[PDB]
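Here's the structure we're looking at; comments come further down.
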There are 6 protein chains.
Amino acid sequence: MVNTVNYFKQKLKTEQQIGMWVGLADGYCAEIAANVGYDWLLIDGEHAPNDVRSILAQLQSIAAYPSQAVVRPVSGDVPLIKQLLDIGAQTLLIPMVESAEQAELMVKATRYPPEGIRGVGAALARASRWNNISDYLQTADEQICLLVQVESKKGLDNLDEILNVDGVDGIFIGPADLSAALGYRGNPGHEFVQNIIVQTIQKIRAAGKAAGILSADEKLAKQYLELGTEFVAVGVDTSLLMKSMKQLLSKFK
Amino acid sequence: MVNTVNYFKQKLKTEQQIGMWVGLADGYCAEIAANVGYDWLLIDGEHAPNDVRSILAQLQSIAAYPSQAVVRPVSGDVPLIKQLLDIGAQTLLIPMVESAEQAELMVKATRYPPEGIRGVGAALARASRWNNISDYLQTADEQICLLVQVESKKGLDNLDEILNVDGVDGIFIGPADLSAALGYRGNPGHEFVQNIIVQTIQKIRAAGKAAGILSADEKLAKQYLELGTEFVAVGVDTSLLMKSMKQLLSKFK
Amino acid sequence: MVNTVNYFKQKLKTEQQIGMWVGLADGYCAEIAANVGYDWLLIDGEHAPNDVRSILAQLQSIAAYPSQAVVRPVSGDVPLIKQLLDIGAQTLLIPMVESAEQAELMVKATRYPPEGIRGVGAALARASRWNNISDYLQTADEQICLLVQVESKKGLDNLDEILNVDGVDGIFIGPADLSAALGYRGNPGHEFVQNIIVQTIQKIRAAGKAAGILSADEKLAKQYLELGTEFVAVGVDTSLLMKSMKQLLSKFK
Amino acid sequence: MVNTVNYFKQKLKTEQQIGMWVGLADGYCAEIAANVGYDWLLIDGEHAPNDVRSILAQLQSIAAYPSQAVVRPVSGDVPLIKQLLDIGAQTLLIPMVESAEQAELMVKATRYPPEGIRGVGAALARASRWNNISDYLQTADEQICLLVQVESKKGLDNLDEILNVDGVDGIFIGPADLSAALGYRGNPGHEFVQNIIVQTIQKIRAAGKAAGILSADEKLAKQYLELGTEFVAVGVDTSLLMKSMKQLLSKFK
Amino acid sequence: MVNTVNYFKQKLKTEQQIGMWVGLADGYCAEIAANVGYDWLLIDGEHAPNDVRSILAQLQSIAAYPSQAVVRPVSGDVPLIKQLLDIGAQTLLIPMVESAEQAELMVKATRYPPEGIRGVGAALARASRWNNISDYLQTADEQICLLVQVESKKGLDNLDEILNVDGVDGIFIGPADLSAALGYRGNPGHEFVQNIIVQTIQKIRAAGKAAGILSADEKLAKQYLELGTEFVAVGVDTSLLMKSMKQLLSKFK
Amino acid sequence: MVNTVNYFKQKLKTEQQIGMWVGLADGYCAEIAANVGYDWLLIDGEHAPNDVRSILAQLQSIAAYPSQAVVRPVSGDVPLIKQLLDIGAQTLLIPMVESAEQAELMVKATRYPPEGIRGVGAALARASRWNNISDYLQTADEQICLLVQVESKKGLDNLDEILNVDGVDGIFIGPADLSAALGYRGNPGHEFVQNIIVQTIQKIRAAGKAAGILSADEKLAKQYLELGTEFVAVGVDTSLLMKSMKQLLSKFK
Ligand SMILES: O=C(O)C(=O)C[C@H](O)[C@H](O)CO
Ligand SMILES: O=C(O)C(=O)C[C@H](O)[C@H](O)CO
Ligand SMILES: O=C(O)C(=O)C[C@H](O)[C@H](O)CO
Ligand SMILES: O=C(O)C(=O)C[C@H](O)[C@H](O)CO
Ligand SMILES: O=C(O)C(=O)C[C@H](O)[C@H](O)CO
Ligand SMILES: O=C(O)C(=O)C[C@H](O)[C@H](O)CO
Ligand SMILES: [Ca+2]
Ligand SMILES: [Ca+2]
Ligand SMILES: [Zn+2]
Ligand SMILES: [Zn+2]
Ligand SMILES: [Zn+2]
Ligand SMILES: [Zn+2]
Ligand SMILES: [Zn+2]
Ligand SMILES: [Zn+2]
């Protein structure tokens, strides 16, 4: 077997990828999302009740479908990053990255020694298909995609420095965390927040990195796509489930 | 503690109850449905990948919310009915009931000896809250609601006989199974099928039983409600999740 | 490896075995019970929310301890009996046995062909330790113990006939089901019920079979032990947990 | 989406398919087996500790790989067959089939009304991908493959009658159950048993049905492949795991 | 929907709340505890085998009952505190707090930006009921209760400084950890340890904070209640289960 | 009950112990490994998809068998070490130890106060069997075995310093991580790497500590045993499962 090609990683340079957030924390719900045809699915280990084992179940469900899996760990924890890479997550989204030094450490966390600090356990890893991918330890690093989130004032205060880090493939703006950080909690739609988001997208793309964002607002999502934003999540499974069931009940009250 | 009042059962005689089918087979997904405000939730043990333990988890999630839980077992199996009653399911929907004899056995399956054949295990049962409901063995039978499905030609061939069974609280029409039985598989909307459904509803209510049905078609659901149908399920969580995610992706393709 | 010796089975002829009912349906709770020193633990697949997989977890927990595991299936279902024997349950308690014909079928369900109808899958079974017990298919039948429950009027109406079945090692009286059957639901303590239980124990022992019963009442349990009852369960984990926590709260209200 | 093509079913007429038995009852272990390159994987719900939910997890793991999933239910139970088809099992192996009447009922259990008795729940089923396979109710029946086991004297006594049942795609011989039935428990290698197996294979193929068998014996398996046997399982994951670990330890003792 | 009112938090100023430690790590066992009528239940993520997903299951069980849930994480880990708040834990007990600086960081960990560092993910959170609590991001902070444990010499060495931290609602004394720290491991009953505990309680209440403690000793628990201790846990489910089963067996030996 | 004797720990001074790596992350697979007769089983929480709860299930499976359980946490995290000791892991293997300061902290993480920093929760711990081991808090420390991994240049740069730490019972060499660290990723067999491993083993044994290693290469493993290496893992369950299935398929292709 040859290593799984990371099409998400390649498509950062060639197209705009439409994403769905997956917080239902369940292999069965993840498979339903995998059938729709999203370019990427975000398995949320930060804000949904997920652990390594539930994330593995969702990777296994999604793997039969063309949608590319991206995993958000709860934090930029080097040992957790090791665990998520070994279960075979090829794209990681690190929350709350605030410095070049942190971004460099996240790069190393995703690469084998001697260049990085990724723990070696190829005989045990779904990532190597338990060494059925015979050249995994040579071919792994190339199909790993590192995304970091800028979603705090300190993040914005270190944006130029993070954008200068070789090995950061993309910067994702988190509007919920960023609008709260800016003193507009629950109101990312405010012009003060939006002007910062647009300037941030422009600076990310100007530095040759992929820009990413989530908006459940169709107008904002289409505006971000018009700016050339490379990876745009357009909804959340928990949100769509709740809203679809409420909208239906409202017809009958 | 006093036994949990079965409001679904009482409301069969006082109002029209709006239902949501729950086939996501997950305590977390069931809790999302429970927040919406449906009169009843159908935990599907027949057509969703559920067992006694996953059904228990969903009952525990839903229990904090006003929505009344109804459980469909895979078949009219007396031992399985015993298991679902002891985990505290107070309303059962029995699929594919086809005779007065089978309906009578389902009545007995829901009632303690000597009048019924429900196995006695109150010290172990969530139903009795492990005997914290001190008079459970005396008060149980009154808060148990038996619904049976007519969804085959043999069912329709025995409808008057089933409607004469004391202890059957409601007859639910399954349009998917019934339309397939009638040689219109996937096409319940056909006049031939609809005329049989309307006459069946009329006969059920004429005999003093509650009538029920599921349609994801808003016009059909509102038509069934105009006929006085007592319990109408208006959607399915798997369907709404899939449809909401597809409709969203179609705005971006 | 040699087959696990069924000490419960042997001790039916040599001593009185004190039992604990295990309905917490959890490998961790079962291990707590296993540390106490009961002669036997009843893993209840009839009245606790258990399935083959949760019963396997509890067998694995209990296996490191001297307490002997007995499993109650939800009913006398031949295929379920096959499944519980293969995960390595060596003693079964069949509920609601009502005839010699049913008891004979339960005997066959526990024995390999050509004498019985137990399905053969030794390469897959924890029971054979995946054939690490090299002579399992020759030594299995001898360490299997069959117990049947008499707990209905029809059971009592066929008692002499069931006691004449070779391969029934013990008859267990279920006071909850039997008192309900007799029209004293929730009141097995009534003299009418107790006189039948005592006569039933005497007849079981007179026929050379082991007699068994459960009573959470210390006086009744000691009375049954004074009659020579061979296997007596003296409590239920769910009951003891609820009562211990209520008794403690009552000191502080 | 178009219905998943059942290549196992097609290949019954065009080649000899090599199989691996999957009794580790685990989505993670099933994925390891899926990477090897077997033509088919048997998810054993009869002799391994599986239920609908653990079988679903293994179907989801295997689905990303070319290996074709076959599911063995614990018995020819119509409602369980319904449950396994809806989670998306396209080939079923029914144990201990003993008459044309039973084989005919298993055919009906796999087909939608009005021709069969398969319960209709396409909105809830992974099988239809929750109706994302838009024509599922019209295209389902064609991609369903029914295999029945002859593994008892009564099965052999009804072989010609079973082979005359339209809708039985294949007859699998179970050497463990059959050798036990014949009074050679644990010793299927005996000439008495082998002569019956060879004649049975010849009779199956003469009637235009696919023949199947399992043997962990390389010589027997190759002899069966030489006879033209269409589906041959050549090992068992539990057996291979145990033997590989034993053989390794023996080098160091 | 309005945010769940934290009655535990309000009752810190109005009454003495009686608690039960829940370490059986199981939604089913947590529901048994929830039926008893304790003012609060401690779901132990530090010393019972719990993770975010098992803690979620226990919150869902308890939510139908008046008992207030408190969650102890394994340590004062900011990302884990984020995870436990989003699954809807409204009161946290932080183990081994040893400085004002650590206590201040725990305050921030429980509050949204810009005032705190709690990660924002309201669309995914059971805490917000997936935004069905429409003003959650404005009303959340007020119903969150922070408790910290003083249970080391360094804790006692920084007690006045911790008691001066705005946002610490209560200080809980851990007698097991504290007695071990003081060189009296397993012997918290010693006068040396008790005099420190009493003075510590007096200082906590003198600073206007709620004091808390656990003792399975009825006399010590009643002494702590006589001192005005606001939240007193009086037992542990694992302890009561083990003790109740041992005491019962001792009557029969 | 008396504390479980750590025979692995005793045997570090008296014999050479043969080990099997357990990465199938499953109570059922762990039991299969436990039946083989390995001196020790490594439950891998670093490179297999395990958490505290799945590790507990595997400890419970293994506990009925003579094989000694060793647990590798994902990192030298003090709170995780606390959690793994309380579920009853008596031997820990800490990955990537790189200084005497870190080794000293790992020693303290395994010992109760006042000498160590292990959190006290004996009432809740399987380790104390919920205090059924009456003297646990006095006898615990003696049956705990600390192993540390040297598998980086910084580890080798601090080897003499680590070997001088009282309370480190053994140093395990990780050839995968070490060969990668040395710029021979995937090629530990190279003479440059092997000469370092041999000198490292000699230095470990010269300092009076137990030396450990894993090699799936029979020749290398036997060479290490010839050097006097005290604990040698000779294979990996995931590797043996994959290879056994591949080698079998290759006979039929
Ligand atoms: O927006 C953010 O802050 C995020 O990083 C995650 C959110 O959960 C996501 O955008 C959904 O609103
Ligand atoms: O319609 C039926 O046949 C049913 O009984 C159940 C179906 O799954 C339900 O109606 C959803 O279409
Ligand atoms: O008493 C019975 O009827 C039983 O067979 C089972 C009961 O659950 C048990 O005795 C506990 O009351
Ligand atoms: O051989 C049989 O009887 C079977 O049907 C199943 C067995 O488990 C299989 O052949 C493995 O020995
Ligand atoms: O006492 C302590 O140290 C605690 O913080 C927790 C203990 O597990 C609890 O008190 C039970 O003894
Ligand atoms: O070798 C190492 O680096 C290890 O520490 C763990 C590996 O997973 C093990 O050796 C199997 O190759
Ligand atoms: Ca199950
Ligand atoms: Ca987990
Ligand atoms: Zn964010
Ligand atoms: Zn139906
Ligand atoms: Zn009974
Ligand atoms: Zn068979
Ligand atoms: Zn403590
Ligand atoms: Zn390593």
For peptide B:98-104, the mean count of other chain Cβ atoms within 10 Å per residue Cβ is 0
Along the dipole axis of region B:6-131 (charges at Cβ: +1 for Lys and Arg, -1 for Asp and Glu; origin at the Cα centre), the most positive-end residue among B:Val120, B:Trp21, B:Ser75 is B:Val120
If you place +1 on the Cβ of every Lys and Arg and -1 on the Cβ of every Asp and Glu, how big does the dipole about the Cα centre of the protein assembly as shown come out, in debye to the nearest 20? 0 debye
Based only on Cα atoms, what mean projected area does the convex hull of region B:99-218 have, in nm²? 9.0 nm²
Distance (nanometres) between label positions extended 7 Å along Cα→Cβ at D:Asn164 and E:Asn132: 5.9 nm
Once both labels are modelled 7 Å past Cα along the beta-carbon direction, what's the A:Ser99-A:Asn195 spacing in nm? 3.0 nm
For region A:162-213, what number results from the quotient of the Cα radius of gyration and 2.2 N^0.38 Å? 1.18
Using the Cα centre as the reference, give the magnitude of the dipole from point charges on the C-beta atoms of chain E (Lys, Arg: +1; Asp, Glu: -1; all else neutral), rounded to the nearest 20 debye. 660 debye
Dipole of region A:172-253, Cα-centred, from +1 at each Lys and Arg C-beta and -1 at each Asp and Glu C-beta, to the nearest 20 debye? 260 debye
Measuring from centroid to centroid over Cα atoms, what is the spacing of region B:182-221 and region A:216-237 in Å? 43 Å
Per its Cα gyration tensor (rounded if a/c is under 1.5, else prolate when a/b beats b/c, else oblate), region D:91-170 is best filed as prolate
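Counting only other chains, what is the mean number of Cβ atoms within 10 angstrom of the Cβ of each residue in peptide D:127-138?
4
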Beta bridges by DSSP in chain A, antiparallel share as percent, to the nearest 5: 0 percent
Sort all Cα-Cα distances of region B:61-109 into consecutive 10 angstrom bins from zero, then give the percent of pairs in each bin up to the one containing the longest distance. 24, 52, 20, 4
Taking each residue of D:56-64 in turn, how many C-beta atoms of other protein chains fall within 10 Å of its C-beta, and what is the average? 6
What ranking of A:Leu227, E:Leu124, E:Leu182 emerges when the number of other C-beta atoms within 10 Å of each C-beta is taken as an exposure proxy, fewest first? A:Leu227, E:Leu182, E:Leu124
F:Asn187-F:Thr139 pseudo-label distance in nm [points 7 Å out on the Cα-to-Cβ vector]: 5.3 nm
Three-way shape label, region A:116-163, alpha-carbon gyration tensor, a/c 1.5: prolate
Kirkwood hydrodynamic radius over Cα pairs of the protein assembly as shown, then Stokes diffusion coefficient at 20 °C and 1.002 mPa s, in µm²/s: 63 µm²/s
When a/c reaches 1.5 or more, the comparison of a/b and b/c decides; with that in mind, is chain F rounded, prolate or oblate per its Cα gyration tensor? oblate
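No Cβ is skipped: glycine too gets one built from the backbone with ideal geometry, and neighbour counts run over all protein chains shown. We did not get these values from a lab; they are worked out from the coordinates using the rules stated.
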